[PDB]
$ cat my_file-v7.tsv   # TSV, C-alpha atoms and all ligand atoms
chain	number	residue	atom	x	y	z
M	954	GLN	CA	21.68	7.05	1.38
M	955	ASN	CA	18.38	7.33	3.25
M	956	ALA	CA	16.56	8.43	0.08
M	957	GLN	CA	18.03	5.55	-1.94
M	958	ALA	CA	17.11	3.00	0.73
M	959	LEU	CA	13.52	4.24	0.75
M	960	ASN	CA	13.47	4.24	-3.06
M	961	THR	CA	14.58	0.60	-3.15
M	962	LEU	CA	11.98	-0.36	-0.54
M	963	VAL	CA	9.25	1.35	-2.59
M	964	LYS	CA	10.40	-0.18	-5.89
M	965	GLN	CA	10.40	-3.67	-4.36
M	966	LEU	CA	6.59	-3.82	-4.57
M	967	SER	CA	6.47	-4.35	-8.34
M	968	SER	CA	8.23	-7.73	-8.18
M	969	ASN	CA	6.27	-10.98	-8.35
M	970	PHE	CA	8.94	-13.34	-6.94
M	971	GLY	CA	7.84	-16.08	-9.34
M	972	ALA	CA	4.12	-15.75	-8.59
M	973	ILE	CA	1.45	-15.23	-11.24
M	974	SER	CA	1.22	-11.45	-10.79
M	975	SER	CA	2.11	-8.59	-8.45
M	976	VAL	CA	-1.51	-7.53	-7.78
M	977	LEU	CA	-3.58	-9.25	-5.10
M	978	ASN	CA	-6.86	-8.44	-6.86
M	979	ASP	CA	-5.68	-10.18	-10.03
M	980	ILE	CA	-4.89	-13.35	-8.08
M	981	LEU	CA	-8.25	-13.19	-6.28
M	982	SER	CA	-10.24	-12.66	-9.49
M	983	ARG	CA	-8.22	-15.10	-11.62
M	984	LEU	CA	-7.41	-18.22	-9.57
M	985	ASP	CA	-9.20	-20.50	-7.13
M	986	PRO	CA	-8.49	-20.21	-3.37
M	987	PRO	CA	-6.33	-23.36	-2.98
M	988	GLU	CA	-3.53	-21.96	-5.18
M	989	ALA	CA	-4.29	-18.26	-4.83
M	990	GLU	CA	-3.31	-18.78	-1.20
M	991	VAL	CA	0.02	-20.21	-2.40
M	992	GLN	CA	0.66	-17.19	-4.62
M	993	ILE	CA	-0.26	-14.84	-1.76
M	994	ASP	CA	2.13	-16.72	0.53
M	995	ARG	CA	4.93	-16.32	-2.03
M	996	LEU	CA	4.32	-12.56	-2.24
M	997	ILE	CA	4.16	-12.29	1.56
M	998	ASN	CA	7.50	-14.07	1.93
M	999	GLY	CA	9.18	-11.78	-0.59
M	1000	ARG	CA	7.86	-8.58	0.96
M	1001	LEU	CA	8.78	-9.78	4.47
I	564	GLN	CA	-4.43	9.18	-20.33
I	565	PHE	CA	-2.50	8.45	-17.12
I	566	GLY	CA	0.21	10.12	-15.07
I	567	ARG	CA	2.83	8.66	-12.76
I	568	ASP	CA	5.09	9.71	-9.91
I	569	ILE	CA	8.89	9.69	-9.73
I	570	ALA	CA	8.47	6.24	-8.14
I	571	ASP	CA	5.98	5.17	-10.86
I	572	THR	CA	2.74	5.38	-8.90
I	573	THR	CA	-0.59	6.53	-10.32
I	574	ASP	CA	-1.08	10.25	-9.71
I	575	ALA	CA	-3.55	11.55	-12.32
I	576	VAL	CA	-6.15	10.34	-14.80
I	577	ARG	CA	-8.20	11.97	-17.55
I	578	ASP	CA	-11.92	11.53	-17.01
I	579	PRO	CA	-12.98	9.10	-19.77
I	580	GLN	CA	-16.08	11.12	-20.76
I	581	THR	CA	-15.17	14.78	-20.12
I	582	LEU	CA	-11.45	14.96	-20.86
I	583	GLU	CA	-10.24	16.73	-17.72
I	584	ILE	CA	-7.29	15.91	-15.49
I	585	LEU	CA	-8.11	14.58	-12.01
I	586	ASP	CA	-5.36	14.50	-9.40
I	587	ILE	CA	-5.32	11.37	-7.21
I	588	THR	CA	-4.35	11.63	-3.55
I	589	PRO	CA	-4.13	8.54	-1.30
I	590	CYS	CA	-6.62	8.33	1.54
I	591	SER	CA	-5.52	9.85	4.83
I	592	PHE	CA	-3.86	7.56	7.37
I	593	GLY	CA	-1.51	7.74	10.32
I	594	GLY	CA	-0.51	6.36	13.69
I	595	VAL	CA	-2.56	6.88	16.84
I	596	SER	CA	-0.82	7.70	20.12
I	597	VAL	CA	-2.22	8.30	23.61
I	598	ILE	CA	-0.84	10.63	26.29
I	599	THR	CA	-1.37	9.42	29.84
I	600	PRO	CA	0.17	9.88	33.30
I	601	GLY	CA	0.95	7.22	35.83
I	602	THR	CA	-2.40	5.66	36.63
I	603	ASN	CA	-1.55	6.30	40.31
I	604	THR	CA	-2.63	9.93	39.77
I	605	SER	CA	-5.65	10.00	37.42
I	606	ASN	CA	-7.45	8.10	34.64
I	607	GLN	CA	-7.75	10.75	31.91
I	608	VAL	CA	-6.08	10.36	28.51
I	609	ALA	CA	-5.56	12.46	25.39
I	610	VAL	CA	-5.46	11.04	21.86
I	611	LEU	CA	-3.18	12.44	19.15
F	1	LIG	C1	1.09	2.64	42.13
F	1	LIG	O1	0.02	1.94	42.79
F	1	LIG	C2	0.21	0.52	42.85
F	1	LIG	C3	-1.03	-0.06	43.48
F	1	LIG	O2	-1.77	-0.85	42.55
F	1	LIG	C4	1.48	0.20	43.63
F	1	LIG	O3	1.70	-1.21	43.62
F	1	LIG	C5	2.67	0.92	43.01
F	1	LIG	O4	3.83	0.72	43.82
F	1	LIG	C6	2.39	2.41	42.89
F	1	LIG	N1	3.50	3.08	42.23
F	1	LIG	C7	4.18	4.09	42.79
F	1	LIG	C8	5.29	4.67	41.97
F	1	LIG	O5	3.90	4.52	43.91

$ encode --input "my_file-v7.tsv" --output "structure tokens" --more "lines below"
Ligand SMILES: *[C@@H]1O[C@H](CO)[C@@H](O)[C@H](O)[C@H]1NC(C)=O
Amino acid sequence: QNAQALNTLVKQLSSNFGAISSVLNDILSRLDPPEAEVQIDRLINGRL
Amino acid sequence: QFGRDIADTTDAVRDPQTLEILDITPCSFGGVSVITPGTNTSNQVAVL
């Protein structure tokens, strides 16, 4: 049970939760700040 | 040209010029804790 819980927590990082991508660097190097901040906020909410 | 872990994380990569396998280890990190008495006795601390 402990191993499976940790596995799920680790595997949760690959999701995008509706954002453009799951990599912060891609958002930084692809979009402008005013909406890159929105995508980052979406990712932050999901991970929290 | 790439390896992955049981949790699908990058773990190896062939050098693009000289085809040799390079293991990848994440940079060292960890918590910092301090051992200290009641300040009513001394002011020395030890860092672990
Ligand atoms: C430690 O010293 C303070 C003085 O700043 C005092 O208020 C406190 O009661 C002392 N604690 C003990 C356990 O004697």

$ interface_residues --input "my_file-v7.tsv" --of "chain I" --to "chain M" --cutoff "12 Å" --atoms "all atoms listed in the file" --output "list in words"
residues 568, 569, 570, 571 and 572 of chain I

$ atom_distance --input "my_file-v7.tsv" --atom1 "CA of residue 955 in chain M" --atom2 "CA of residue 1000 in chain M"
19.2 Å

$ residues_near_ligand --input "my_file-v7.tsv" --ligand "ligand LIG 1 (chain F)" --cutoff "10 Å" --atoms "all atoms listed in the file" --output "number ranges by chain"
I: 601-604

$ residues_around --input "my_file-v7.tsv" --residues "range 980-984 of chain M" --least-positions-apart "6" --cutoff "12 Å" --atoms "all atoms listed in the file" --output "list in words"
residues 969, 972, 973, 974, 990, 991, 992, 993, 994, 995 and 996 of chain M

$ atom_distance --input "my_file-v7.tsv" --atom1 "CA of residue 962 in chain M" --atom2 "CA of residue 587 in chain I"
21.9 Å

$ residues_around --input "my_file-v7.tsv" --residues "range 591-600 of chain I" --least-positions-apart "2" --cutoff "6 Å" --atoms "only C-alpha atoms" --output "list in words"
residues 602, 608, 609, 610 and 611 of chain I

$ atom_distance --input "my_file-v7.tsv" --atom1 "CA of residue 586 in chain I" --atom2 "CA of residue 968 in chain M"
26.1 Å

$ axis_aligned_box --input "my_file-v7.tsv" --around "range 964-974 of chain M" --padding-each-side "3 Å" --output "AutoDock Vina command-line options"
--center_x 5.8 --center_y -8.1 --center_z -7.8 --size_x 15.2 --size_y 21.9 --size_z 12.9
